[PDB]
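K.L.:
Dropping the structure in here first, questions after.
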Amino acid sequence: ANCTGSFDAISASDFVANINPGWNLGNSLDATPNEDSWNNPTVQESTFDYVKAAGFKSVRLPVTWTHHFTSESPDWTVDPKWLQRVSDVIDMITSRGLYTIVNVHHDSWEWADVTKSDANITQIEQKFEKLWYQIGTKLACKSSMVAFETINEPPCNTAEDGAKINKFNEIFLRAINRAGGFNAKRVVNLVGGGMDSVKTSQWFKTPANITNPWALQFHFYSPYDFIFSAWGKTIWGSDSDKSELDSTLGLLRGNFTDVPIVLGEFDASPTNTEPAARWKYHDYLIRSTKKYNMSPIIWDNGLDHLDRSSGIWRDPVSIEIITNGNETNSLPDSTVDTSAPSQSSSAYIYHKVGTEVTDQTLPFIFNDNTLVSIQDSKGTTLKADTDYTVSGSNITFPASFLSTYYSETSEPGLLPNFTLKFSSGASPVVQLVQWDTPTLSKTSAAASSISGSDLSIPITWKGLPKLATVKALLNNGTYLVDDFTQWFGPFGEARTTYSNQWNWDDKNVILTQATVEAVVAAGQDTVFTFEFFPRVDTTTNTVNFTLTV
Ligand SMILES: *[C@@H]1O[C@H](CO)[C@@H](O[C@@H]2O[C@H](CO)[C@@H](O[C@@H]3O[C@H](CO[C@H]4O[C@H](CO[C@H]5O[C@H](CO)[C@@H](O)[C@H](O)[C@@H]5O)[C@@H](O)[C@H](O[C@H]5O[C@H](CO)[C@@H](O)[C@H](O)[C@@H]5O)[C@@H]4O)[C@@H](O)[C@H](O)[C@@H]3O)[C@H](O)[C@H]2NC(C)=O)[C@H](O)[C@H]1NC(C)=O
Ligand SMILES: *[C@@H]1O[C@H](CO)[C@@H](O[C@@H]2O[C@H](CO)[C@@H](O[C@@H]3O[C@H](CO)[C@@H](O)[C@H](O[C@H]4O[C@H](CO)[C@@H](O)[C@H](O)[C@@H]4O[C@H]4O[C@H](CO)[C@@H](O)[C@H](O)[C@@H]4O)[C@@H]3O)[C@H](O)[C@H]2NC(C)=O)[C@H](O)[C@H]1NC(C)=O
Ligand SMILES: *[C@@H]1O[C@H](CO)[C@@H](O[C@@H]2O[C@H](CO)[C@@H](O[C@@H]3O[C@H](CO)[C@@H](O)[C@H](O[C@H]4O[C@H](CO)[C@@H](O)[C@H](O)[C@@H]4O)[C@@H]3O)[C@H](O)[C@H]2NC(C)=O)[C@H](O)[C@H]1NC(C)=O
Ligand SMILES: OC[C@H]1O[C@@H](O[C@H]2[C@H](O)[C@@H](O)[C@H](O)O[C@@H]2CO[C@H]2OC[C@@H](O)[C@H](O)[C@H]2O)[C@H](O)[C@@H](O)[C@@H]1O
Ligand SMILES: *[C@@H]1O[C@H](CO)[C@@H](O)[C@H](O)[C@H]1NC(C)=O
Ligand SMILES: *[C@@H]1O[C@H](CO)[C@@H](O)[C@H](O)[C@H]1NC(C)=O
Ligand SMILES: *[C@@H]1O[C@H](CO)[C@@H](O)[C@H](O)[C@H]1NC(C)=O
Ligand SMILES: *[C@H]1O[C@H](CO)[C@@H](O)[C@H](O)[C@@H]1O
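So the sequence shown is numbered by UniProt numbering: it starts at 21 and just counts up by one.
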């Protein structure tokens, strides 16, 4: 490829500086087999208007090439129509002033997996170089506002596998420069094993005689328990929570001191996380990435944050924290003690159906900001010191005010929410929820009979239509899975993990098929306790389902 225009070379130091913060076009060009094969529609350019409008400077563009080869060995030719769509998407992003990073995505485990026992590594190395040569040529003439990323979370388990990770970086660089254009001065992102901080710290080595301006990219989905909703962990924000996060990011930067560091994916998704812990986590992540000179990019698979169809951010409180990292935000407080028998969150006004309406006190972490005003989701501004009262970290709400939203007999569900405008930082939102214990359409079932697939139990949600976690106990008292949760406190013992074991939708609570075969295998009746928010205790806001055997 030959390029007719000019190219403003940018340094890796400057590139990462100007991309902060970023957002992912998730489950789009990375979907399999086609871009709308998963949860997302055909990509539309308006989406990038929203990303710009919400304050992001850059867009990371994951692309799965696995299903877009028109020839096999040797040529391994990629469809020109796909290369054209990828090229056009990059144009939509840059032409709205957003920086771009494009990659080879789920090819990482679909065919580029070197840890698999039968992996033809010579055929992998060829197919990778054939691929980046074709990507390189088509994008060879793109402005410096486009960067190339080697490969997404590449499987890696050994020091021996890590050298194969570094080789992926070399094959990639030799292909992109042989493709010509502006690529010899294009910014690139090299990767380590699994894009894990430690695997990269343990095994990553910089390619010898490298000439492209380059930065390092890693992903952060830690701590596993809170981020993935495992073992009943529904709280984050303790001093140990903070030290462990700061420790993970600090040992990476300590290994790679003068290297620009891109945090390519991160997400405490509003789908599964409790809001106050979620907002505390993103605040301390942005705070951490700034301390270690790292530019973050949030993962958004289309459902976690931006609704592309409306321009509405589902979690606008988060978005403001990442897009204005130079401000101190005051956040609602929440339980962070792993041994507490009750859990609270200042992101909610909870009221139980059939109880008297009482005053509600929500502790906030003001962080030297002052409260300016409060606004409900119906447009009325609340009257200070009559409709709500501040005392230090407490923000107290009169029963007479709250009765103007719910009663002892009013319907259960989500009520309006309060948006609290502070002197600086993001403006957190408190959600009023009228809640009762949900009821299920079934209370027991023969594991044998319900076998086949996942077990859907229709549920009457009452309040928050989210499932918090599930307890799993055999009849003789042994835990169904993961014995080690016995050290996880009143809300963690015998609890199971989101998606793997339990799930939910609009009309059901879901036990995955794998859970049932753990009950069938255990061979004794198992009590599953579905738990919901608020977790006022381990028993009130719960409902039992038993699998007989
Ligand atoms: C969903 O189902 C739940 C279980 O089916 C049900 O919870 C049960 O509720 C009843 C009624 O209140 C409780 O009965 C009360 O129990 C106490 C003594 O309880 C303590 O000891 C029992 C018995 O332990 C012995 O047997 C087990 C056999 O599995 C052996 O391991 C053990 O070594 C003993 O020999 C024990 O089950 C209890 O343990 C529960 O609570 C502890 C402490 O929090 C947890 O660590 C543990 O996970 C477990 O949940 C308990 O320590 C007695 O004094 C009272 O008079 C009364 O009889 C049951 O204890 C309780 N059972 C369980 C397994 O929780 C829920 O009510 C129901 N929920 C809904 C919404 O319907
Ligand atoms: C405070 O209270 C207010 C209520 O007054 C809350 O505001 C509502 O928030 C929700 C979530 O942000 C929002 O619902 C979306 O509104 C749009 C209608 O204008 C729709 O575009 C959208 O549907 C998509 O999103 C759903 C939930 O996110 C998906 O379940 C659904 O399938 C839709 O997704 C389709 O399209 C996407 C495109 O990417 C694709 O991935 C999917 O496959 C699918 O095809 C929602 O209905 C409400 O509109 C908001 N209401 C108002 C008045 O603005 C606010 O969130 C509260 N704050 C809290 C709780 O913190
Ligand atoms: C560059 O990165 C590498 C890789 O991340 C990093 O080396 C790692 O350092 C950490 C600590 O900095 C080591 O973790 C220790 O591991 C052993 C077990 O192997 C334990 O003895 C230690 O635990 C102590 O403290 C714990 C706190 O929870 C307690 O559990 C315990 O009681 C102990 O007192 C500790 O966790 C880790 O093993 C190494 N990894 C390797 C492969 O060497 C290195 O420090 C980084 N360098 C720089 C300059 O940043
Ligand atoms: O729900 C729509 C599709 O979701 C797919 O899961 C996506 C998630 O939405 C995304 O947030 C997450 O980061 O990636 C997965 C993609 O799944 C793949 O992840 C990497 C590999 O290790 C996994 O084996 C692989 O499955 C889901 O895969 C689809 O089934 C849904 O249509
Ligand atoms: C591995 O791939 C190479 C290159 O495509 C091919 O020539 C070779 O036959 C394959 N080897 C095995 C053992 O499958
Ligand atoms: C905050 O609220 C708690 C419980 O409502 C109370 O014990 C504490 O003294 C309050 N602090 C104030 C009002 O400054
Ligand atoms: C409970 O039953 C399981 C079934 O496999 C068995 O392995 C376990 O040892 C039993 N333990 C107790 C304490 O009854
Ligand atoms: C948070 O506050 C609630 C009251 O709203 C308590 O029930 C809980 O124990 C925690 O202190």
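Ideal Cβ placement from N, Cα and C applies to all residues, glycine included.
Below 6 Å CB to CB, which residues in the same chain sit around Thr86 once its five sequence neighbours on both sides are set aside?
P.N.:
Counting only Cβ-Cβ distances below 6 Å, and skipping sequence neighbours, we find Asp127, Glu130.
K.L.:
Three Cβ pairs or more, each shorter than 8 Å: is that satisfied between the stretch 518-533 and the stretch 485-494?
P.N.:
Contact between the stretch 518-533 and the stretch 485-494 is present, because at least three Cβ pairs lie under 8 Å.
K.L.:
Quick check on the DSSP output: what are the complete alpha helix (DSSP H) runs of length 4 or more inside the stretch 39-102, in order along the chain?
P.N.:
Counting only runs of 4 or more, we get 66-73.
K.L.:
Between which two residues does the alpha helix (DSSP H) carrying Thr343 extend?
P.N.:
Here the alpha helix (DSSP H) through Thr343 covers 336-343.
K.L.:
Let me check understanding here. Comparing Cα to Cα, which of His302, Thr532, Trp455 lies closest to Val556?
P.N.:
Considering only alpha carbons, the answer is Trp455.
K.L.:
Determine, using beta carbons only, whether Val63 and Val122 come nearer to each other than 8 Å.
P.N.:
Their beta carbons are not under 8 Å apart, which means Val63 does not touch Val122 by this criterion.
K.L.:
Who does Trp524 pair with in a DSSP beta bridge?
P.N.:
For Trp524, which the question treats as bridged, DSSP gives the partners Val529.
K.L.:
Residue range of the beta strand (DSSP E) that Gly156 falls in?
P.N.:
Counting along the chain, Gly156 falls outside any beta strand (DSSP E), though it belongs to the alpha helix (DSSP H) covering 141-158.
K.L.:
Taking the DSSP output, what are the residues bridged to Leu391?
P.N.:
The partner list for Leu391 (beta bridge, DSSP) reads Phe442.
K.L.:
Any heavy atom of ligand 6 closer than 7 Å to the Cβ of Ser350?
P.N.:
For ligand 6, not one heavy atom lies less than 7 Å from the Cβ of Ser350.
K.L.:
With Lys262 as the anchor, note down where its alpha helix (DSSP H) starts and where it stops.
P.N.:
That run of the alpha helix (DSSP H) goes 259-275.
K.L.:
Beta carbon of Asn186, beta carbon of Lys136: below 8 Å?
P.N.:
Not closer than 8 Å, so no.
K.L.:
Regarding residue 570 and ligand 1, is the C-beta to nearest heavy atom distance less than 7 Å?
P.N.:
In the structure displayed, the chain extends from 21 to 569; residue 570 sits before or after that span and is not available.
K.L.:
Can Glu149 be considered in contact with ligand 1, in the sense that its beta carbon sits closer than 7 Å to one or more heavy atoms?
P.N.:
Incorrect: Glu149 has no Cβ contact closer than 7 Å to ligand 1.
K.L.:
What does the Cβ neighbour count give for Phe511, buried or exposed, with the cut at 16 atoms within 10 Å?
P.N.:
Answer is buried; the Cβ neighbour count reaches 16.
K.L.:
Quick one: what does DSSP say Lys462 is sitting in, helix, strand or coil?
P.N.:
Residue state, collapsed to three classes: coil.
K.L.:
Is the number of C-beta pairs between the stretch 25-42 and the stretch 312-321 that are closer than 8 Å three or more?
P.N.:
Touching, per the Cβ criterion.
K.L.:
Provide the residue span of the beta strand (DSSP E) that contains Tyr408, from first to last.
P.N.:
Premise fails: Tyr408 is in no beta strand (DSSP E) and is neither H nor E.
K.L.:
Would you mind reading off the limits of the alpha helix (DSSP H) that contains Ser315?
P.N.:
Premise fails: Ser315 lies in the beta strand (DSSP E), 314-318, not in any alpha helix (DSSP H).
K.L.:
Quick test of your reading: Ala296 and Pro352, contact by CB under 8 Å. State the CB separation rounded to the nearest angstrom.
P.N.:
The Cβ separation is near 5 Å, so the contact holds.
K.L.:
Does at least one heavy atom of ligand 1 sit under 7 Å from the Cβ of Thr568?
P.N.:
No, the beta carbon of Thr568 sits no closer than 7 Å to any heavy atom of ligand 1.
K.L.:
Could you check where the alpha helix (DSSP H) with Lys300 kicks off and where it finishes?
P.N.:
Start and end: 295-311.
K.L.:
Between the stretch 341-351 and the stretch 431-448, do at least 3 Cβ pairs fall closer than 8 Å?
P.N.:
Yes: the two stretches touch, three or more of their Cβ pairs being nearer than 8 Å.
K.L.:
In angstroms with no decimal places, state the Cα-to-Cα distance between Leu326 and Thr291.
P.N.:
In a straight line, the C-alpha of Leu326 is about 12 Å away from that of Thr291.
K.L.:
Please go through the same chain and pick out, in chain order, the residues whose beta-carbon is closer than 8 Å to the beta-carbon of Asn54, but skip the five residues on each side of it.
P.N.:
The residues are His87.
K.L.:
I need the DSSP call for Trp131, collapsed to helix, strand or coil.
P.N.:
The answer is coil: DSSP assigns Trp131 none of H, G, I, E or B.
K.L.:
In the DSSP assignment, what residue or residues form a beta bridge with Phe550?
P.N.:
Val490, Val563, per the DSSP bridge assignment.
K.L.:
Near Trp152, which residues of its chain fall below 7 Å by C-beta distance, leaving aside the five closest residues on each side in sequence?
P.N.:
Correct list, in chain order: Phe192, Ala195, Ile196.
K.L.:
Would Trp234 and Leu265 qualify as a contact pair, given that the criterion is a beta-carbon distance under 8 Å?
P.N.:
No. Outside cutoff.
K.L.:
Within the continuous beta strand (DSSP E) that includes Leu382, where are the two ends?
P.N.:
Looking at the DSSP string, the run of the beta strand (DSSP E) that includes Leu382 is 380-385.
K.L.:
Whole angstroms is fine: what's the gap from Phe565's alpha carbon to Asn496's?
P.N.:
If I take the Cα positions, the gap works out to 16 Å.
K.L.:
Residues around ligand 8, please: the condition is that the C-beta lies closer than 5 Å to some non-hydrogen atom of it.
P.N.:
That gives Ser362, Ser364.
K.L.:
Given this structure, state the Cα-to-Cα distance separating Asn47 from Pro82, to the nearest angstrom.
P.N.:
Each residue's Cα considered, the two are about 8 Å apart.
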